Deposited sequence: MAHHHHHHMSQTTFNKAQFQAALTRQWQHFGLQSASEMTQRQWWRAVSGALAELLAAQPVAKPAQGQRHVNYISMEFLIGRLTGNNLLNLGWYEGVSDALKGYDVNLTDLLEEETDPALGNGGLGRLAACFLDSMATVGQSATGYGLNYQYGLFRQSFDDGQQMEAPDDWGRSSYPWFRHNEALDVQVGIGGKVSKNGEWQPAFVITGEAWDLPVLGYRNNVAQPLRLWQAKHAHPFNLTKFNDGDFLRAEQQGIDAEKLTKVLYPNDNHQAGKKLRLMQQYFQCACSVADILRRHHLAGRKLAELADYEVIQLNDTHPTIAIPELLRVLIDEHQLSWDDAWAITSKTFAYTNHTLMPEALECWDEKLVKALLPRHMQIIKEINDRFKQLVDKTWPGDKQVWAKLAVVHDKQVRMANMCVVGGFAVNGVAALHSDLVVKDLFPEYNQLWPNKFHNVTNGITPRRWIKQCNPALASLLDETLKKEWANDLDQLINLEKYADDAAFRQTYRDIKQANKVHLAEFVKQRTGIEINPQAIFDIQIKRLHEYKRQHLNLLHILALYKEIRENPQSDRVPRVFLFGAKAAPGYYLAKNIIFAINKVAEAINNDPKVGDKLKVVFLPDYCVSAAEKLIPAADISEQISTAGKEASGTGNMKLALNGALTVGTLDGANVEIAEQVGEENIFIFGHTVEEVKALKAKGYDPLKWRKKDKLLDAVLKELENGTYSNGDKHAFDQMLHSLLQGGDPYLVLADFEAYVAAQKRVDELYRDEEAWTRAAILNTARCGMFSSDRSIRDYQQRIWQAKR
């Protein structure tokens, strides 16, 4: 690892403020300082020699519609080992590095766990030495920036300075032309009606202390003729920009509303644009390496993260057949050995499908290709289930004027994997059982993971230092070493040091909470954290009901003091989720100001949850809330972050809680509530939440407080949408049915927290036993089972 060169950094920093047009470094604003330091570091990085790839290893092309990368400058310094050198150089300018890093708005490039998984996997590939390129979209405004207006969620664009972001590099020789719409001539020539330019905007992915730097390649859409001077000179200044906007709209927003025809068409264009550019770029790299097209699968593999990039399959077929004149069988022999598909889905109804009419109109050549895939696949299905029209309707790639993208992924690729042992079994038994009959060796598991660089070393540096002194071998790229901590759970000095670190993290969070909300929270209390997206089945309103129960007990009658912290976004137009957010904020207003409670209870809903906020919340967690309805979580990478940093999990037996309980032991986790099978049986027998209300005085009471205006200044319909989902709507995620199990589990939490030694033992054991959650281990599993396997 090349060491920090202070004189080179100084010369690079000087070039930055000279380029701004300033006379000295001291003239910079705090924003300019962050841009200049980041740009200087980018210059030094770009001068570093490129560590060459491992011979005889396939290069991985990882395609994802989100990359939730978080801030990059601090992460890059940690991976290079330059943090201390830069920190000290900046003290010479009276600049505080840690404060400067807070100038960076998180690049708004992803939404949730799907995009954070892609980011952790890029980081791990760079660290374990898997040559790879990430392929995404360079979104200008992300999903949205969340704020609270009288407790209601408000949505604005999440701008992040995309065009001026200092870590970008743009090689214009990688621009790609993408066609849209039009017709296919009688002789098979696609004549698009609209053409878009894709520019590659590259961010660096740095490996840990190994001089590896690989690209996250983010495509940005533009038009070659965006502006119509005739319309401008006629006075129509807005419509003059129309052609440009029709291209640039592809990379404005992540997951824009698709409940209408314009938005459905937009989503499909985004996916195709991403895949046409990516496919062109992969073939260009292969060609410039002097490699033959027929051997593409020997040198390259393409990982499809969910079904969003499915269209890459017929796009690659299109290029091979139409632009390189390969036979169908020769083209398919390549694509069918190049594409692998990662499934994140639990129910068949959630698999992605497109109206054939929209695909035909938008991508007429691809629709012909897709129908030929479909027609050729029918021969095999009829061989195996002769005359069975029902099996064909299920397995078809096109049927009833519908294109089944997940089906096309299974039929068109050599591997399918789920993201946890139980999920990957369900992929085979529930989603694709017939396909598994045809192609048993196609299906695999790779359990998800998280990078220990960002999520321990960077956000929890004091815990990281403890691990450095205690463990014999390096652990930051060898997380299985954490198991050697088990012994120190019995050492009273270790315990005291470890618990002190957790308390110092809770104090640090207290500051951050007081800056954003002004609320003062009690660091002696239990920090009880739920950081899931806001969806009904995540049951933030189950959390709410328990909080109301705690609030009620304090108002009347020795519970441990608590601080409930929430971070969650709701999709725009998801009115029920937004009403749950409204209730939580309204109830927190009462609790935080009510003098009857004081320092016994506070609720903090931090707005605009993002990677940067998670780095501050997660090291401070005592309790990790993982209370989704059993059956509805395949994984849970947040769960893994929280456990490794020494929070204890309260949760249902599903998703990543299964893995955590398996590793840490029943003494060290709080599993509760209906199992997957018990949820199904309760609905099968007839579940009425109203009957459960009638027999539960505490439950009826907290729900009365939400119906009678106690938290809305006398509006009885403030929380109307939440309450109807729980009562006449039928409570389909079983908030009431799990209520008393949850309340009872949380009482066990109190008891452990009073036994300070036993609590700390449990926390240490969560850190020590969860080394398997490293995304380095995930990547090695992908390498052995899929990417580097023999075809």
*Do you know which deposited regions have no coordinates at all?*
1-10, 568-570
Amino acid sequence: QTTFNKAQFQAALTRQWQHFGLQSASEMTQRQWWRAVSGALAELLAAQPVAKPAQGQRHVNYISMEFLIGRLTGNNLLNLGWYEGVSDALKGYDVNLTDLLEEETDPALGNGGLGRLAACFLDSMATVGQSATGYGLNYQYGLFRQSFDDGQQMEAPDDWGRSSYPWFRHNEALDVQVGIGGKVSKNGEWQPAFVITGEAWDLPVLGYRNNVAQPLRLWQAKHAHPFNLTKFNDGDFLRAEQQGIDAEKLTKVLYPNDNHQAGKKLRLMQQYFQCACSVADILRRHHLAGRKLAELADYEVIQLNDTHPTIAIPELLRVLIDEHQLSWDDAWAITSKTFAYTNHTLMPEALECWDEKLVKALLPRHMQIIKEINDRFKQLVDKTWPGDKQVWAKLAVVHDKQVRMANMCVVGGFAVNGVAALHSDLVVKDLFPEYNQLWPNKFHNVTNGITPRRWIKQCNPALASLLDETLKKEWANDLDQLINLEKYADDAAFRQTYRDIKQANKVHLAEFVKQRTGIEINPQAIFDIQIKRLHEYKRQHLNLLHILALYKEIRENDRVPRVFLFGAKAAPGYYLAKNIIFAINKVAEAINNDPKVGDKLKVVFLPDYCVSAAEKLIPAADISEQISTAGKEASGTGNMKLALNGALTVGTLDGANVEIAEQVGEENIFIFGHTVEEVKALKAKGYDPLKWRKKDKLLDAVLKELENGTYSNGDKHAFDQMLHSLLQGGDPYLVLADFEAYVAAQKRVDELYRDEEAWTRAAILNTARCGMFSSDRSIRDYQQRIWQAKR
From here on, numbers count along this sequence of modelled residues.
*Going by the average Cα B-factor in the PDB entry, point out whether 526-534 or 717-725 comes out higher.*
717-725
*Should the higher mean CA B-factor in the entry be assigned to 408-416 or to 582-590?*
582-590
*Tell me, please, which of 672, 219, 512, 339 has the highest C-alpha B factor according to the deposited entry?*
512
*Using the temperature factors in the entry, find which of 204, 74, 573, 449 has the highest value at its Cα atom.*
573
*Considering only modelled residues of the same chain, in which third does the CA B-factor of residue 732 rank: lowest, middle or highest?*
middle
*Check where residue 6 lands among this chain's C-alpha B-factors and tell me if it's the lowest, middle or highest third.*
middle
*Relative to the other modelled residues in the chain, which third contains the C-alpha temperature factor of residue 746: lowest, middle or highest?*
middle
*Which third of the chain does residue 442 land in by C-alpha B-factor: lowest, middle or highest?*
highest
*Lowest, middle or highest third: where is residue 701 by Cα B-factor in its chain?*
highest
